[PDB]
There are 4 protein chains.
Amino acid sequence: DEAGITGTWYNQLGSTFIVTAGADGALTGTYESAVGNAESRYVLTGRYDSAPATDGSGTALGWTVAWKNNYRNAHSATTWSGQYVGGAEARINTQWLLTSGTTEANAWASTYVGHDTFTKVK
Amino acid sequence: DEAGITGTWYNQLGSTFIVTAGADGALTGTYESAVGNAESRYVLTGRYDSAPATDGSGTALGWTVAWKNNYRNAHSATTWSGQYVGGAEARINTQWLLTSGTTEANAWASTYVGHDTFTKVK
Amino acid sequence: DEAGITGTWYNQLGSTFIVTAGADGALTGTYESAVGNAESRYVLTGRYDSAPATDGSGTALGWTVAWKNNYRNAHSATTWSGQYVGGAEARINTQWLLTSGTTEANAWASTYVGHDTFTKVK
Amino acid sequence: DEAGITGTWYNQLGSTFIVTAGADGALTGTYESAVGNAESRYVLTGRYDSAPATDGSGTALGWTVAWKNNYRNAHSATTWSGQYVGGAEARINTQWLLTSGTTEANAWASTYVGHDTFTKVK
């Protein structure tokens, strides 16, 4: 599903995920968040299962954004973990972890969890 | 903290995380899990905050492994989200999400969550 | 929102959440899962914010089910953490953690994470 | 493990978890957080597996605190999901989800995730 994953994806917040899937399992591209301490595009990298099951299962993948670019630095990183489901209404269904750099005193409150659904439309 | 992050790290399960931190914010290397459906080394990639706060906060980072190599394919991916804390007893404190490719019927049970602490010794 | 929370709720899997909100912050009732190692109703208990903000924010709440009843014992517990949002299309938006009892060797894989949205219809 | 669970527990932050396990699977008691927007004791309720496996597995359990008492209201709730492991150095190993009431605009950032280990000493 190199073909299926490569392209522009949009989540429910109106963020934009631009990815290229490599034959080797690499994910490379850019992320633009519609929310939070973010402006314009950020580098992303990650990995995907390049030889998924042929039993109708989804394709496991994940990626990371560190929220530093030429405009802003939010001293934080998000990782999305999820699966690509192909077909007419293709989706990437994810859960994510957003960690901030903190002092040791605040480290118990370092990490947000959430979930994003990406589609090829909107 | 390019210097501080680059190297070999070990978690509480005895897994081995071999990483290089690029000046640009890139993380590249290999992961070897002591547990689960895993043998030998797997590619990893990720990102880190290459200009962290100077107030004693940690350095945000994350990375992904897709559990496919030349030996095995577990049809799954893990993402670690966390922060690097420098000093005498350097640590990377993480939380992780492990997603399997599933059928739509089993997708509610696709994702494990856990936490790993990495040190430079053991 | 004692009135708003008390009643029958349904999630996206077709599970049924029957709850009573007490004036004191208590949640009591029963849960019936449409999926997994579950049959019929299980006891639940939890808590909610009985004096929420008046700025349009949601109402924080959570509850637990241990997956033991007179029919089955799945040696596991789920906790839902989320917020109640009132109005014409009332919702409870949650994230959950499902922990199994495990051996120490398997404890790294003890816990699933997911998300459920509850509505008063369907 | 009604006997094993009932009592006073302490986590790595120095919080105090005072619980009674009922023969029926109930957990009732009080929680006092050493960190965050919290003072003194808060009600908790939850559930546990009252007939755990006899193969050395842990005992699944969970509980909720809504962060309202007579002193403060943090408009938030935490759920802990975990397992009790008996013996010389008894532990409750948990992961938790802390949800705040938010506006719909901030709901993506409503929930923290973390992990607490409780012991009978300290």
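The table that follows gives values for the structure above.
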{"quantity": "Label point 7 Å beyond Cα along the C-beta direction, distances from residue B:24 to other copies (nm, shortest first)", "calculated": "1.3, 6.1, 6.3"}
{"quantity": "Under 23 Å from residue D:120, Cα to Cα: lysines that are on another chain or at least 8 residues apart", "calculated": "none"}
{"quantity": "Mean separation of Cα contacts under 8 Å (6+ apart) over length of chain D, as relative contact order %", "calculated": "19"}
{"quantity": "For the axis carrying chain A to chain D: nearest C-beta residue of A, whole Å", "calculated": "A:113, 2"}
{"quantity": "Candidates D:36, D:25, D:14, ranked by Gaussian network fluctuation over chain D, Cα under 10 Å, top entry", "calculated": "D:36"}
{"quantity": "Most fluctuating residue given options B:34, B:66, B:53, as computed from a GNM of chain B linking Cα atoms under 10 Å", "calculated": "B:53"}
{"quantity": "Prolate/oblate/rounded label for segment C:6-97 (Cα gyration tensor, a/c 1.5)", "calculated": "prolate"}
{"quantity": "Shielding by other protein chains, A:15-22, mean Cβ within 10 Å", "calculated": "0"}
{"quantity": "Chain B, helix-only ellipticity at 222 nm - DSSP H runs n ≥ 4, -39,500 (n - 2.57), divided by all residues, nearest 500", "calculated": "-500 deg cm²/dmol"}
{"quantity": "Pseudo-label separations to other copies for residue A:70 - Cα-to-Cβ vector, 7 Å, nm", "calculated": "4.1, 6.0, 7.0"}
{"quantity": "C-alpha center-to-center spacing [segment D:73-122, segment A:21-80] in angstrom", "calculated": "27"}
{"quantity": "Theoretical FRET efficiency, 1/(1+(r/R0)^6), r = Cβ-Cβ of residue C:70 and residue C:8, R0 22 Å, to 0.05", "calculated": "0.50"}
{"quantity": "Neighbouring partner chain Cβ atoms per residue of C:25-38, average, 10 Å criterion", "calculated": "2"}
{"quantity": "Rounded FRET efficiency, nearest 0.05, which uses the C-beta distance separating residue A:122 from residue A:37 and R0 of 30 Å", "calculated": "0.80"}
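Just so you know, all these numbers are worked out from the coordinates, no wet-lab data involved. Counting neighbours? That spans all protein chains shown, and the Cβs are built from the backbone with ideal geometry, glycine included.
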